[PDB]
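Participant: Please find work30.json (JSON, C-alpha atoms (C1' of nucleotides)) on the next line:
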```
[["chain", "number", "residue", "atom", "x", "y", "z"],
["A", 126, "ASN", "CA", 34.25, 55.65, 39.86],
["A", 127, "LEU", "CA", 33.64, 52.19, 38.44],
["A", 128, "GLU", "CA", 36.66, 50.45, 39.96],
["A", 129, "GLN", "CA", 35.98, 51.89, 43.41],
["A", 130, "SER", "CA", 32.39, 50.70, 43.15],
["A", 131, "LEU", "CA", 33.49, 47.17, 42.24],
["A", 132, "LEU", "CA", 36.02, 47.06, 45.08],
["A", 133, "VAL", "CA", 33.46, 48.34, 47.59],
["A", 134, "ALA", "CA", 30.95, 45.74, 46.41],
["A", 135, "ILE", "CA", 33.49, 42.94, 46.78],
["A", 136, "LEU", "CA", 34.46, 44.11, 50.26],
["A", 137, "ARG", "CA", 30.80, 44.48, 51.26],
["A", 138, "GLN", "CA", 29.91, 40.96, 50.20],
["A", 139, "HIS", "CA", 33.00, 39.59, 51.95],
["A", 140, "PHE", "CA", 31.94, 41.39, 55.13],
["A", 141, "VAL", "CA", 28.36, 40.13, 54.96],
["A", 142, "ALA", "CA", 29.50, 36.58, 54.24],
["A", 143, "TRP", "CA", 31.84, 36.62, 57.23],
["A", 144, "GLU", "CA", 29.12, 38.06, 59.48],
["A", 145, "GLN", "CA", 26.80, 35.25, 58.39],
["A", 146, "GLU", "CA", 29.11, 32.74, 60.11],
["A", 147, "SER", "CA", 30.78, 34.44, 63.08],
["A", 148, "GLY", "CA", 27.76, 36.62, 63.87],
["A", 149, "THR", "CA", 27.02, 40.33, 63.70],
["A", 150, "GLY", "CA", 29.92, 42.42, 64.92],
["A", 151, "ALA", "CA", 32.41, 39.55, 65.04],
["A", 152, "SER", "CA", 36.06, 40.49, 64.66],
["A", 153, "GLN", "CA", 36.64, 40.57, 60.92],
["A", 154, "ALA", "CA", 39.12, 38.05, 59.56],
["A", 155, "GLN", "CA", 42.21, 39.53, 57.95],
["A", 156, "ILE", "CA", 42.14, 39.11, 54.17],
["A", 157, "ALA", "CA", 45.29, 39.02, 52.06],
["A", 158, "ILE", "CA", 45.90, 41.26, 49.07],
["A", 159, "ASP", "CA", 46.60, 38.21, 46.91],
["A", 160, "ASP", "CA", 43.02, 37.06, 47.47],
["A", 161, "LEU", "CA", 41.39, 40.17, 45.95],
["A", 162, "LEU", "CA", 43.32, 40.50, 42.68],
["A", 163, "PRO", "CA", 41.83, 37.27, 41.21],
["A", 164, "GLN", "CA", 38.38, 38.68, 42.01],
["A", 165, "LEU", "CA", 39.00, 42.11, 40.48],
["A", 166, "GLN", "CA", 40.35, 40.23, 37.46],
["A", 167, "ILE", "CA", 36.87, 38.75, 37.04],
["A", 168, "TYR", "CA", 35.55, 42.21, 36.10],
["A", 169, "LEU", "CA", 38.62, 44.14, 34.87],
["A", 170, "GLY", "CA", 40.72, 41.51, 33.09],
["A", 171, "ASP", "CA", 44.50, 41.77, 33.09],
["A", 172, "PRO", "CA", 45.77, 45.36, 32.60],
["A", 173, "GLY", "CA", 49.15, 44.05, 31.41],
["A", 174, "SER", "CA", 51.29, 43.05, 34.38],
["A", 175, "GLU", "CA", 51.29, 42.12, 38.04],
["A", 176, "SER", "CA", 53.24, 45.29, 38.81],
["A", 177, "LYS", "CA", 50.31, 47.25, 37.36],
["A", 178, "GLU", "CA", 47.38, 45.37, 38.91],
["A", 179, "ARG", "CA", 48.92, 45.24, 42.38],
["A", 180, "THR", "CA", 49.71, 48.95, 42.24],
["A", 181, "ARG", "CA", 46.14, 49.70, 41.15],
["A", 182, "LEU", "CA", 44.69, 47.59, 43.96],
["A", 183, "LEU", "CA", 46.94, 49.30, 46.51],
["A", 184, "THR", "CA", 45.98, 52.81, 45.37],
["A", 185, "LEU", "CA", 42.31, 51.81, 45.42],
["A", 186, "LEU", "CA", 42.63, 50.52, 48.98],
["A", 187, "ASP", "CA", 44.40, 53.71, 50.02],
["A", 188, "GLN", "CA", 41.63, 55.78, 48.43],
["A", 189, "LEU", "CA", 38.98, 53.76, 50.27],
["A", 190, "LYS", "CA", 40.81, 54.15, 53.58],
["A", 191, "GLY", "CA", 40.13, 57.86, 53.20],
["A", 192, "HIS", "CA", 36.40, 57.17, 53.49],
["A", 193, "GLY", "CA", 37.11, 54.77, 56.36],
["A", 194, "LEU", "CA", 35.97, 51.51, 54.76],
["A", 195, "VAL", "CA", 39.30, 49.64, 55.09],
["A", 196, "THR", "CA", 42.49, 49.77, 57.14],
["A", 197, "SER", "CA", 45.93, 50.30, 55.68],
["A", 198, "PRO", "CA", 47.73, 47.15, 54.48],
["A", 199, "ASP", "CA", 49.69, 45.82, 57.43],
["A", 200, "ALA", "CA", 53.30, 44.63, 57.30],
["A", 201, "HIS", "CA", 52.22, 41.29, 55.77],
["A", 202, "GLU", "CA", 49.86, 42.73, 53.12],
["A", 203, "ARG", "CA", 46.51, 41.98, 54.78],
["A", 204, "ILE", "CA", 43.65, 44.41, 55.32],
["A", 205, "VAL", "CA", 40.65, 44.41, 57.66],
["A", 206, "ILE", "CA", 37.18, 45.63, 56.72],
["A", 207, "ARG", "CA", 35.95, 48.45, 58.96],
["A", 208, "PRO", "CA", 32.45, 48.42, 60.49],
["A", 209, "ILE", "CA", 31.41, 51.51, 58.53],
["A", 210, "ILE", "CA", 30.89, 49.43, 55.39],
["A", 211, "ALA", "CA", 27.63, 48.04, 56.77],
["A", 212, "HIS", "CA", 26.02, 51.51, 56.79],
["A", 213, "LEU", "CA", 26.51, 52.51, 53.16],
["A", 214, "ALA", "CA", 23.74, 54.59, 51.63],
["A", 215, "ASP", "CA", 22.24, 52.01, 49.24],
["A", 216, "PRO", "CA", 23.83, 48.56, 49.53],
["A", 217, "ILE", "CA", 21.27, 47.21, 47.04],
["A", 218, "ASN", "CA", 23.13, 49.08, 44.30],
["A", 219, "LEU", "CA", 26.34, 47.14, 44.93],
["A", 220, "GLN", "CA", 24.58, 43.79, 44.59],
["A", 221, "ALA", "CA", 22.83, 44.83, 41.38],
["A", 222, "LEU", "CA", 25.86, 46.23, 39.55],
["A", 223, "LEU", "CA", 28.14, 43.41, 40.69],
["A", 224, "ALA", "CA", 25.74, 40.68, 39.58],
["A", 225, "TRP", "CA", 25.04, 42.52, 36.32],
["A", 226, "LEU", "CA", 28.72, 42.71, 35.37],
["A", 227, "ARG", "CA", 29.23, 39.08, 36.41],
["A", 228, "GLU", "CA", 26.37, 38.07, 34.13],
["A", 229, "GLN", "CA", 27.89, 40.19, 31.36],
["A", 230, "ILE", "CA", 31.23, 38.40, 31.53],
["A", 231, "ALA", "CA", 29.54, 35.00, 31.81],
["A", 232, "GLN", "CA", 27.48, 35.82, 28.71],
["A", 233, "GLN", "CA", 30.45, 37.07, 26.67],
["A", 234, "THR", "CA", 32.58, 34.02, 27.56],
["B", 1, "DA", "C1'", -2.14, 95.71, 24.98],
["B", 2, "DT", "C1'", 2.58, 96.91, 27.37],
["B", 3, "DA", "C1'", 5.32, 97.58, 31.85],
["B", 4, "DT", "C1'", 7.01, 95.24, 35.72],
["B", 5, "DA", "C1'", 7.58, 91.52, 39.45],
["B", 6, "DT", "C1'", 7.55, 86.42, 40.54],
["B", 7, "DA", "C1'", 8.05, 81.60, 39.27],
["B", 8, "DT", "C1'", 9.86, 77.50, 36.59],
["B", 9, "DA", "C1'", 12.83, 75.25, 33.22],
["B", 10, "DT", "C1'", 16.92, 74.99, 31.10],
["B", 11, "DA", "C1'", 21.70, 75.81, 30.09],
["B", 12, "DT", "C1'", 26.22, 77.33, 31.59],
["B", 13, "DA", "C1'", 29.93, 77.72, 34.56],
["B", 14, "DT", "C1'", 32.52, 76.09, 38.54],
["B", 15, "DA", "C1'", 34.27, 72.86, 41.99],
["B", 16, "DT", "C1'", 35.75, 68.16, 43.26],
["B", 17, "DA", "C1'", 37.81, 63.98, 42.35],
["B", 18, "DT", "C1'", 40.83, 60.83, 39.77],
["B", 19, "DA", "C1'", 44.00, 59.20, 35.83],
["B", 20, "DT", "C1'", 47.60, 60.11, 32.75],
["B", 21, "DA", "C1'", 51.48, 62.58, 30.78],
["B", 22, "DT", "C1'", 55.15, 66.22, 31.09],
["B", 23, "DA", "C1'", 58.37, 69.63, 33.33],
["B", 24, "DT", "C1'", 61.48, 71.00, 36.96],
["B", 25, "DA", "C1'", 64.70, 70.55, 40.64],
["B", 26, "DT", "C1'", 68.11, 68.01, 42.65],
["B", 27, "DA", "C1'", 71.55, 64.65, 43.07],
["B", 28, "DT", "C1'", 74.80, 61.44, 41.23],
["B", 29, "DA", "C1'", 77.80, 59.12, 37.82],
["B", 30, "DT", "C1'", 80.15, 59.11, 33.85],
["B", 31, "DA", "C1'", 83.07, 60.59, 30.13],
["B", 32, "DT", "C1'", 85.73, 63.83, 27.80],
["B", 33, "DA", "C1'", 88.78, 67.15, 27.36],
["B", 34, "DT", "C1'", 92.06, 70.46, 29.11],
["B", 35, "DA", "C1'", 95.75, 71.62, 31.41],
["B", 36, "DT", "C1'", 99.51, 70.38, 33.87],
["B", 37, "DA", "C1'", 103.53, 67.58, 35.44],
["B", 38, "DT", "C1'", 107.02, 64.70, 34.42],
["B", 39, "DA", "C1'", 110.49, 62.62, 31.90],
["B", 40, "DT", "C1'", 113.51, 62.36, 28.00],
["B", 41, "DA", "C1'", 116.09, 63.91, 24.14],
["B", 42, "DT", "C1'", 118.16, 67.39, 21.39],
["B", 43, "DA", "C1'", 119.67, 72.19, 20.14],
["B", 44, "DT", "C1'", 122.17, 76.25, 21.19],
["B", 45, "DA", "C1'", 125.42, 78.98, 23.37],
["B", 46, "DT", "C1'", 129.63, 79.46, 25.84],
["B", 47, "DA", "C1'", 134.07, 77.94, 27.43],
["B", 48, "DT", "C1'", 138.47, 75.45, 26.84],
["B", 49, "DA", "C1'", 141.82, 72.82, 24.27],
["B", 50, "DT", "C1'", 143.95, 71.45, 20.02],
["B", 51, "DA", "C1'", 144.81, 71.88, 15.03],
["B", 52, "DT", "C1'", 145.62, 74.69, 10.73],
["B", 53, "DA", "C1'", 147.12, 79.12, 8.48],
["B", 54, "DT", "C1'", 150.34, 83.17, 9.07],
["B", 55, "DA", "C1'", 153.70, 86.23, 11.16],
["B", 56, "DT", "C1'", 156.86, 88.09, 14.65],
["B", 57, "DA", "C1'", 160.04, 88.15, 18.94],
["B", 58, "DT", "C1'", 164.23, 86.36, 21.50],
["B", 59, "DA", "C1'", 168.97, 84.54, 22.02],
["B", 60, "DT", "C1'", 173.47, 84.00, 20.14]]
```
Could you write out this file's structure as structure tokens?
Facilitator:
Amino acid sequence: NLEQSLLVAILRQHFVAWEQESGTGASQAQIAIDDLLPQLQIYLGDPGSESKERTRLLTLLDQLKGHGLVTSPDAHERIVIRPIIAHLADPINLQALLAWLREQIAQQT
DNA sequence: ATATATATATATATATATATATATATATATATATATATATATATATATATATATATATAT
């Protein structure tokens, strides 16, 4: 669904950006939950409360863990991106949709 | 020119996944009400003594 696609695109670009610096296959840096909500806000707005957005992000991460793309949030609310994200079927789709929605919001604002 | 057997296109129906709302089961807390227990006071009945109304026995 749309939200899962956006989250996967964000995670994918984070992973590629990290690999650009530390090299291919470098141990992924732990990313906090607080860091992703501002970014999902860029494409989904504010659903009404922090208690709602954080819950949505957590359920999305748990859904993605089923496919193996991300680990479970650790005791301090940080996740790690799994290697399997690099081998998605068509990574070009993520870039296109993500940039398209970003351009949409930039045009409407 | 009609039947009779493939092939292709299209539509329908089903399965999977997720989001949202509702129902059910269970547990707990609360409030209310009922019933009971307790305490107190008063009423009734009986017993005993004295007072009022009436009559009889004993001693000389």
Participant: Check every residue of chain B for an atom within 12 Å of chain A, counting all atoms listed in the file, and provide those that qualify as an MDAnalysis selection string.
Facilitator: chainID B and resid 17:19
Participant: Leaving out segment 162-170 of chain A and any residue of its chain fewer than 5 positions from it, which residues lie within 8 Å of it when counting only C-alpha atoms (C1' of nucleotides), given as a list in words?
Facilitator: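 Contacts, in chain order: residues 131, 132, 178, 179, 182, 226, 227 and 230 of chain A.
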Participant: Could you name the residues that touch residue 149 of chain A at 10 Å or less, counting all atoms listed in the file, but leaving out those on the same chain fewer than 6 positions away, as a PDB file with C-alpha atoms, in the coordinates of the input?
Facilitator:
```
ATOM      1  CA  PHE A 140      31.940  41.390  55.130  1.00  0.00           C
ATOM      2  CA  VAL A 141      28.360  40.130  54.960  1.00  0.00           C
ATOM      3  CA  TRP A 143      31.840  36.620  57.230  1.00  0.00           C
TER       4      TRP A 143
END
```
Participant: So what do you get for atom CA of residue 173 of chain A versus atom CA of residue 158 of chain A, distance-wise?
Facilitator: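 According to the coordinates, atom CA of residue 173 of chain A and atom CA of residue 158 of chain A are separated by 18.2 Å.
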Participant: Tell me which protein, DNA and RNA residues are within 12 Å of residue 188 of chain A, counting all atoms listed in the file, leaving out same-chain ones fewer than 3 positions away, and put them as a list in words.
Facilitator: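 Surrounding residues, per the criterion: residues 126, 128, 129, 130, 132, 133, 181, 182, 183, 184, 185, 191, 192, 193, 194, 195, 196 and 197 of chain A; 17 and 18 of chain B.
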Participant: Report, in Å to a single decimal, how far apart atom CA of residue 142 of chain A and atom CA of residue 155 of chain A are.
Facilitator: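 Distance reported for this atom pair: 13.6 Å.
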Participant: Taking all atoms of segment 34-38 of chain B that the file lists and extending 4 Å past them on each side, where is the centre of the axis-aligned box and how long are its edges? Answer in Å to one decimal, as JSON.
Facilitator:
```
{"center_x": 99.5, "center_y": 68.2, "center_z": 32.3, "size_x": 23.0, "size_y": 14.9, "size_z": 14.3}
```
